[PDB]
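One structure is given here, and the rest of the page talks about it.
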Amino acid sequence: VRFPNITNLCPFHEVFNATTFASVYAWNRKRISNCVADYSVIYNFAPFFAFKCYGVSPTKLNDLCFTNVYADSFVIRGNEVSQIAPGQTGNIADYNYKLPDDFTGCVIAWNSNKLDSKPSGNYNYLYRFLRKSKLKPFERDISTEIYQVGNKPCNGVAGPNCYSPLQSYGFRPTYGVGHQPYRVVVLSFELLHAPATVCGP
Amino acid sequence: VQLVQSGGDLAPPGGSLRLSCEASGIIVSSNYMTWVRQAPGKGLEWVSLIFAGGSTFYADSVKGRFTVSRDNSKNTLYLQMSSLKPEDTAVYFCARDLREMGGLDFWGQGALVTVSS
Amino acid sequence: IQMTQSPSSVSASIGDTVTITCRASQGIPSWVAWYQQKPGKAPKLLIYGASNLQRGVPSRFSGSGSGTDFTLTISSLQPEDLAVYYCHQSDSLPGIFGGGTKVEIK
Ligand SMILES: *[C@@H]1O[C@H](CO)[C@@H](O)[C@H](O)[C@H]1NC(C)=O
Numbered sequence: 327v328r329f330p331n332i333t334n335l336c337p338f339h340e341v342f343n344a345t346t347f348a349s350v351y352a353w354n355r356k357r358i359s360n361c362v363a364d365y366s367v368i369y370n371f372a373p374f375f376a377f378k379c380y381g382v383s384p385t386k387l388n389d390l391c392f393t394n395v396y397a398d399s400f401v402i403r404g405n406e407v408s409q410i411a412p413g414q415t416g417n418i419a420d421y422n423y424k425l426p427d428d429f430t431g432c433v434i435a436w437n438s439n440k441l442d443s444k445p446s447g448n449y450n451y452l453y454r455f456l457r458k459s460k461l462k463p464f465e466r467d468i469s470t471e472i473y474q475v476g477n478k479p480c481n482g483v484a485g486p487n488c489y490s491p492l493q494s495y496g497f498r499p500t501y502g503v504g505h506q507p508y509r510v511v512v513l514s515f516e517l518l519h520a521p522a523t524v525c526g527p
Numbered sequence: 002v003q004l005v006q007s008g009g010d011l012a013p014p015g016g017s018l019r020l021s022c023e024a025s026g027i028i029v030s031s032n033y034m035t036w037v038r039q040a041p042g043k044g045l046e047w048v049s050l051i052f053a054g055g056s057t058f059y060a061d062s063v064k065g066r067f068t069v070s071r072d073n074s075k076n077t078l079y080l081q082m083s084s085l086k087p088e089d090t091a092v093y094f095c096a097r098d099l100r101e102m103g104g105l106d107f108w109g110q111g112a113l114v115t116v117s118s
Numbered sequence: 002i003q004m005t006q007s008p009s010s011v012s013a014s015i016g017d018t019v020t021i022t023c024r025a026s027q028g029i030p031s032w033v034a035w036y037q038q039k040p041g042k043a044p045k046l047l048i049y050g051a052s053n054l055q056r057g058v059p060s061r062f063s064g065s066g067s068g069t070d071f072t073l074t075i076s077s078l079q080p081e082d083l084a085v086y087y088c089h090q091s092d093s094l095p096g097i098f099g100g101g102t103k104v105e106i107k
């Protein structure tokens with residue numbers, strides 16, 4: 327049994343071992359189209375808090391071929407990792423990042439208190455807590471328009487009954503596990519009419 | 002600005018009740034709403050929380066029996082108690098939630114529910 | 002998660018400074034709110050974010066804290082402060098209300 331050489335590895339090392347991740351509301355989506363997918367380099371990273379695969383077998387990833395692989399990356403709290411799952415309700419699953427009920431992919435979330443936490447407070451990661459409707463699956467919403475909660479119209483300047491819909495995780499190394507930084511990568515596998523170009527060695 | 006509360010009466014150990022809160026000065030559709038009960042002589046206990054989108058969350062004791070609803074035409078927030086118990090006798094408060102930027106800033110007057118005879 | 006509070010055995014004279022302390026089981030962000038409930042009345046918000054004074058609330062109420070330790074302070078205990086004071090983690094999907102502290106006049 328002989329096969330052609332293994333040449334074009336997919337860039338999972340860039341998705342996982344990134345210097346900085348994106349905020350939850352403006353999550354980072356990376357497309358993967360033409361490369362042999364080595365899912366064995368994922369396990370080379372830190373022990374994961376959550377490795378949950380829906381739709382496909384975790385140990386049969388190299389035996390499948392998909393047309394596209396989407397990698398969504400963000401940083402959430404420790405108590406919001408349960409919301410990254412099909413059919414969940416909460417602050418993240420309704421206003422920031424929604425997965426479809428019939429979801430095919432894998433969610434990988436791991437602790438990053440060493441990286442994304444500062445002793446004085448890491449006021450960089452943001453999340454949206456005010457919205458007027460639940461998000462559709464795989465729909466982003468990047469906006470800084472002042473939310474309106476009262477009957478009085480809100481022109482666009484903050485004030486009474488006028489609040490910005492985004493706040494920040496003030497990540498600190500003295501917080502509990504439920505509020506530590508947690509890097510989350512969601513791999514979604516597409517099976518469109520195009521030929522399956524993401525394969526496995 | 003104002004949350005006027007209505008409802009609350011004696012119910013049997015299996016009766017169903019509905020408590021209402023009419024909001025003036027705020028839009029119930031655009032705010033988090035919370036129901037918090039206080040037992041007679043006890044502390045404050047969180048019961049229910051409805052979101053602006055429509056997602057509902059309940060406590061472990063009241064899950065499967067209580068339903069928080071919202072009527073948009075009358076700008077009213079409802080708590081429906083399908084199955085009751087002697088432990089549900091309390092004073093219920095409907096509050097506008099401003100989580101992480103104020104919390105429960107506006108409260109209703111409270112409706113008293115007694116479950117006996 | 003858990004939010005323990007100092008007991009209700011607080012009795013101070015008029016004008017005395019009163020401190021009420023809240024201790025979380027694990028470290029939480031400074032998103033703790035304080036509530037003042039008079040007998041037969043709904044609770045009234047006092048301080049949100051553990052350091053921000055609510056509009057219409059007298060300046061005698063000062064909040065300060067971080068990590069696991071939070072504190073409410075009444076600089077002068079005027080007679081209008083005979084009420085139960087509750088702590089509340091404002092970012093808890095299941096609401097977490099600590100046992101209130103009953104302030105009494107001696
Ligand atoms: C495949 O890789 C091997 C090992 O480096 C090399 O000897 C061989 O020439 C390669 N074949 C092609 C067609 O590039």
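Chains as they are written, first to last, in PDB author numbering: chain S, 327 to 527; chain H, 2 to 118; chain L, 2 to 107.
Built from N, CA and C at the ideal position, the CB exists for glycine as well.
Keeping to the same chain, check which residues put their C-beta closer than 6 Å to that of residue 473 of chain S; ignore five residues upstream and five downstream. Close CB contacts of residue 473 of chain S within its chain, under the 6 Å cut and outside five residues either way in sequence, are with 456, 489, 491 (chain order).
Cutoff 7 Å; reference residue 503 of chain S; Cβ partners in own chain excluding five residues on either side: Same-chain partners within the cutoff: 404.
With a Cβ-Cβ cutoff of 9 Å, do residue 432 of chain S and residue 517 of chain S count as a contact? Not closer than 9 Å, so no.
By the three-class DSSP mapping on this structure, what secondary structure does residue 538 of chain S have? As displayed, chain S neither begins before 327 nor continues past 527, which places residue 538 of chain S out of reach and without an answer.
I'd like to know whether the C-beta of residue 430 of chain S is nearer than 9 Å to at least one C-beta of chain L. It does not; no Cβ of chain L falls within 9 Å.
Since I believe residue 106 of chain H is in contact with residue 99 of chain H (beta carbons under 8 Å), could you give me their beta-carbon distance rounded to a whole number of angstroms? Rounded, the Cβ-Cβ distance is 5 Å, consistent with contact.
Report whether the distance from the Cβ of residue 422 of chain S to the nearest heavy atom of ligand 1 is below 8 Å. Incorrect: residue 422 of chain S has no Cβ contact closer than 8 Å to ligand 1.
For residue 496 of chain S, return the contacting residues in chain L, with the cut-off set at a CB-CB distance below 8 Å. Correct list: 30, 31.
Nearest CA to the CA of residue 390 of chain S: which residue from S:364, S:411, S:368? Closest option to residue 390 of chain S, Cα to Cα, is S:364.
Span separating the alpha-carbon of residue 393 of chain S from that of residue 367 of chain S: If you take the alpha carbons of residue 393 of chain S and residue 367 of chain S, they lie about 21 Å apart.
How many Å lie between residue 100 of chain L and residue 30 of chain L at the Cα? Rounded to whole angstroms, residue 100 of chain L to residue 30 of chain L spans 20 Å at the Cα level.
Enclosing alpha helix (DSSP H) for residue 339 of chain S [first to last residue]: DSSP places residue 339 of chain S in the uninterrupted alpha helix (DSSP H) bounded by 338-342.
Note down the Cα distance separating residue 12 of chain L from residue 102 of chain L, rounded to an integer number of angstroms. It is roughly 10 Å from the alpha-carbon of residue 12 of chain L to the alpha-carbon of residue 102 of chain L.
List, in chain order, every chain L residue whose beta-carbon is nearer than 9 Å to that of residue 501 of chain S. Ordered by position in chain L, the residues that pass the 9 Å Cβ test against residue 501 of chain S are 27, 28, 29, 30, 68.
My assumption, with CB atoms under 8 Å, is that residue 85 of chain H sits in contact with residue 34 of chain H. Please give the rounded CB distance. Between residue 34 of chain H and residue 85 of chain H the Cβ distance is about 21 Å, and since that is not below 8 Å, they are no contact.
Go through the stretch 458-505 of chain S residue by residue and report every complete run of the beta strand (DSSP E) that reaches 3 residues or more, in order. List check, beta strand (DSSP E) in window: 492-494.
Does residue 473 of chain S get closer than 9 Å to chain H when you measure Cβ to Cβ? By this cut-off, residue 473 of chain S is an interface position.
Starting from residue 376 of chain S, follow its DSSP beta bridges and name the residues at the other end. Answer is S:435.
Can you tell me where the beta strand (DSSP E) with residue 96 of chain H in it begins and where it stops? Where residue 96 of chain H is concerned, the enclosing beta strand (DSSP E) stretches over 91-99.
Cutoff 9 Å: residue 417 of chain S Cβ touching any chain L Cβ: Closer than 9 Å: yes.
Return yes when at least one heavy atom of ligand 1 lies under 8 Å from the C-beta of residue 330 of chain S, else no. For ligand 1, at least one heavy atom lies less than 8 Å from the Cβ of residue 330 of chain S.
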